[PDB]
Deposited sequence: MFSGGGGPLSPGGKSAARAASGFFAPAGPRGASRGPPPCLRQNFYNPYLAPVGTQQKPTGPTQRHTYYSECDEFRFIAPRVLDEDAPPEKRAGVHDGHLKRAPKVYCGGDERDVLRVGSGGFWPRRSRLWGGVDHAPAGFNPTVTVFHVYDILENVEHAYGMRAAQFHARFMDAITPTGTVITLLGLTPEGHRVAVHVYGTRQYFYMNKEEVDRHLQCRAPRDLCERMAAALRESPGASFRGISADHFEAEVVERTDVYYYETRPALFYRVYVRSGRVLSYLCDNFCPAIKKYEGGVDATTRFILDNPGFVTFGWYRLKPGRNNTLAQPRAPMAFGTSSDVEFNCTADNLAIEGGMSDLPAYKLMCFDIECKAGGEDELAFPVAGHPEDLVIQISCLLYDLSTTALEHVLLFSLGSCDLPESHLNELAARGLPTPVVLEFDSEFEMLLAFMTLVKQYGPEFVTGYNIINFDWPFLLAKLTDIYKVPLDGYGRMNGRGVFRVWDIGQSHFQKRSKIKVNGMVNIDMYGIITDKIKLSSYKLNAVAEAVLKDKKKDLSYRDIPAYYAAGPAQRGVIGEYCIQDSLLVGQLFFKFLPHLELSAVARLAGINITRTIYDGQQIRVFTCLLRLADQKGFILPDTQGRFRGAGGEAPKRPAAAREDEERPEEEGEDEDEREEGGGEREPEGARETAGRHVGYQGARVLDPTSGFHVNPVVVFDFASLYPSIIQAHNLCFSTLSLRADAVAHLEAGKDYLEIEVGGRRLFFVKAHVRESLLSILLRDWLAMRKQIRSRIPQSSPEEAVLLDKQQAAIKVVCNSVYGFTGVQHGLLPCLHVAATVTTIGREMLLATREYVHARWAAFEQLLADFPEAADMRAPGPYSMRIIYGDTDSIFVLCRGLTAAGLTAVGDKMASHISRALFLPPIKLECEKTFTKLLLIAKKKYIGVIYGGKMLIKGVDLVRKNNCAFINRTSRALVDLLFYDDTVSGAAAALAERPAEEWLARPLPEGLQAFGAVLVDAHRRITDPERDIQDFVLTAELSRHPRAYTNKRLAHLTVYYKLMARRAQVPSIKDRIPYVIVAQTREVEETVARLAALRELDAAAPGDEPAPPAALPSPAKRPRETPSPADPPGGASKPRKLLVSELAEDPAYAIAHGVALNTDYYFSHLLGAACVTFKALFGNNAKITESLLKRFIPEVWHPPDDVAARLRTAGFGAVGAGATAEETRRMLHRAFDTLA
């Protein structure tokens, strides 16, 4: 039988491109000891360790690196009768995928889940850990994206008279799509209802009837928002399924503790069978949102794993002092240091060094690590670059570190590794994250960004350049400054000579690779960047990976979206002063919804008493005061500032451990409050209002001159 959906990572391999420096051939005469061998070898990839040899892709008892994987290539390696009971689990990341009832027909899913994916549906996967350290995926069914269109405008443009009509019109526009990428679409793929809402822009704007349209897939939604009736303004078509799951279930969070519970008709979460697992988890469940609750009182982070890594590269062309380029076959990765920490206890658990060629670490370095009370390094030796890179990616899949760190890993180390795997070796990456295939594993340039499904990448270079002012942000300099530690260093121009000289000299390169990763680990546990990022994720209502890589706008957008829905609004698609701009927004009740550009909008009100009027950018603007209508931006700011004041009142009486968590929380509220002015001012952003931004600066200027 094997897995329901195919695993796309390598579980077997029997031929590969063998690339290796000729200088590793100790018996060869000097003329044959320069350059790189490059050819295809009919062999299983191998790793050597401490005199022993293994195939890289063999899973069994005697492995050279740790594993946290149940399945490998469709074989279950858990003990006989392994069946943990799961009540509470922590979520650190949320995936969003499409499933089809036809694809899942062989999996023994209950009918209530199959209905939610018939003929297709969006599944929300909560990625997490139990208190016992078991890796969990909880697949939540029944979440649908939805958008709005004005009822009268649709009724005149498409001649609709009942909601069923619009479902046909949309199905037609998809059937008629270029290349027929939306073959098989029908009115069953849709639901439409009539609801009363107000456009969030302007004070005079009246409530109106809208079609709220539900859809099964973001692929369909993005086609409709780009192509269906361009003359008709869409509302909230940009909102992802994760955001709907979080906002439509009061209290739910993208990072935190959850509990499984009985649903509405006493329904339960169903454990998946192993051959229906979508991820590299120990246990997986199908559930609906009513099977979930936020677990109160639990606050400790569970035993997530942090990988801290650094690569070392050697240029192989006619100038070994040229900077290495991944696209050149001869410019090799030669070493990868890889430190594995428990993120809850901060303890270093494993020190792995991957090495192209034999490598004997200095006794000096081994003694120092032993004196520091750290794990003895395991050196993994490879005959070729491919075998080493495959082994590293195999470790990433099998150990599955939830958090990954390093220095310049986003701008250099991942881009270099992934370019080798993709361009030189033709390896598919979509199975190497948490998902077993078809997952996101992507690098792109702006400096760079990364998305790996189920892996939170945190580059320490970004953290430190944001936190500390320094002349130089080289790691050696940062270390001297922040950790008061003066390490010894190898330059890129030492590496060619050390590499050619022999095993002991390649050992010196490894010592340096390991001490580099040890310093970065110390930086990480000093600044605790996962705690500030998770505090922002919880406050903003977005996942921690979106928190790192997306901009400031999505944080304010998601909070505004929550409040706007509660108030009946919908969002259309596109001496010193303490907190000057937030406090102007609050004191003057400035908002999208309190603004008027027209005098007749405020003719029923009294000037000064019921509204501000102000000249801004040459135009007369009106803002009604809070007793007429309270600003959404003002409410956000007020509630956040009240929350921050509450948190900071508790810090002096709290435990030394609690004080850290509270400090990260109060800091998260500051960064979000300060981004509100900016959010209004980004032209072509999410929900721009340049009138509000320009009013804030006009008031600010006048306050200084008044003072």
| item | value |
| --- | --- |
| Sequence ranges without modelled C-alpha atoms (deposited numbering) | 1 to 58, 505 to 511, 640 to 715, 849 to 1235 |
